[PDB]
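Numbering-wise, the sequence shown is residues 1 to 15, 15A to 15B, 24 to 174, 183 to 244 according to the authors' numbering.
One structure is given below, encoded as structure tokens.
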Amino acid sequence: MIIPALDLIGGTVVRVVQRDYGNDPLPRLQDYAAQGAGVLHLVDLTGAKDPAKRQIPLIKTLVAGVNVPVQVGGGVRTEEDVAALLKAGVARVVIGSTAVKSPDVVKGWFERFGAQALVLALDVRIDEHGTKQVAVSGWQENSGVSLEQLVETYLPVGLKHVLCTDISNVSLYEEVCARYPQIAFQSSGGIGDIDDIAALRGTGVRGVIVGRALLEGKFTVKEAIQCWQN
């Protein structure tokens, strides 16, 4: 499915490649759902910078105001962070750097919350050997573990949802999806126009995250879904 996405800072919708796209995230999300979106994605950039300032009241309002599951990320680093987001009504919590830095801890989260409640977000850069290297961010060096190695760490605790961002493409998703058909992969990044969505058809990816292109008015959620369904 198409997964429309917003990045939020202090209640403001922003573009990242910051750019202010206004303070109306709820009407934007509601119109995404109205066009047929079955899942939405939010990144809490304020919370990512300071967990104490996690935008829980806002997230609560946004979740209540739409009729579809929302997955929410942004510096989710502790068990308490996960629990708080689920309590606020989020469907799935998106875990990034902590899934790389403390796998034994995150394995425990799978046991506690269930694999349906957790999405592992992995940034991948392909090195000069052609290996899919995991990095915790776009501006930090590789962390010394491959995508396959980290996926295989979490398979025994029932991993089901993985969000993959290429920070170094179609071939990447074709490869990983074929290797792990029991995992539902989501793609993030690279969507500049409607043809980019067509290109991911048939790769095996289950979800396509779309953010910037919708804000820029390149195409609508309805058009994206029509494209995805072919």
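No residue lacks a Cβ here, since even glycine has one placed at the ideal position from N, Cα and C.
{"Check": "Grouping DSSP H, G and I as helix and E and B as strand, with all else coil, what is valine 69?", "Outcome": "helix"}
{"Check": "According to DSSP, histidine 47 sits in a beta bridge with which residue or residues?", "Outcome": "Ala5, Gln77"}
{"Check": "Determine the closest residue to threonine 234 out of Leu214, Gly206, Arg220, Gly221, with distance taken between C-alpha atoms.", "Outcome": "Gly206"}
{"Check": "Measuring CB to CB, does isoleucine 9 end up less than 7 Å from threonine 52?", "Outcome": "yes"}
{"Check": "Do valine 82 and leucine 46 have their beta-carbon atoms positioned less than 7 Å apart in this structure?", "Outcome": "no"}
{"Check": "Specify, as a first and last residue, the run of the alpha helix (DSSP H) that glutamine 243 falls within.", "Outcome": "235 to 243"}
{"Check": "Based on the DSSP secondary-structure assignment, which residues constitute the bridge partners of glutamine 200?", "Outcome": "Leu169, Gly221"}
{"Check": "Taking 6 Å as the limit between beta carbons, can you name the residues of its chain near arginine 118, skipping five residues before and five after?", "Outcome": "none"}
{"Check": "Give the C-beta separation of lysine 138 and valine 125 to the nearest angstrom, bearing in mind that I take them to be a contact with Cβ-Cβ under 8 Å.", "Outcome": "Actually they do not touch by this definition, with Cβ atoms about 18 Å apart."}
{"Check": "From the DSSP secondary-structure annotation, give me the bridge partner or partners of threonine 12.", "Outcome": "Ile9"}
{"Check": "If you count every other CB in all the chains shown that lies within 10 Å of the CB of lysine 59, and 16 or more means buried, which is it?", "Outcome": "exposed"}
{"Check": "I need the boundaries of the alpha helix (DSSP H) containing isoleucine 101, first residue and last residue.", "Outcome": "Premise fails: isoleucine 101 lies in the beta strand (DSSP E), 98 to 101, not in any alpha helix (DSSP H)."}
{"Check": "How big is the Cα-Cα spacing for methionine 1 and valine 224?", "Outcome": "11 Å"}
{"Check": "Where do the ends of the beta strand (DSSP E) carrying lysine 59 lie?", "Outcome": "Per DSSP, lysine 59 belongs to no beta strand (DSSP E) and is neither H nor E."}
{"Check": "Could you pull out every residue in the same chain whose Cβ sits closer than 7 Å to the Cβ of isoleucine 211, ignoring the five residues on either side in sequence?", "Outcome": "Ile205, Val222, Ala238, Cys241, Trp242"}
{"Check": "Among the candidates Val106, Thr84, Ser103, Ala121, whose CA atom is the shortest distance from the CA of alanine 97?", "Outcome": "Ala121"}
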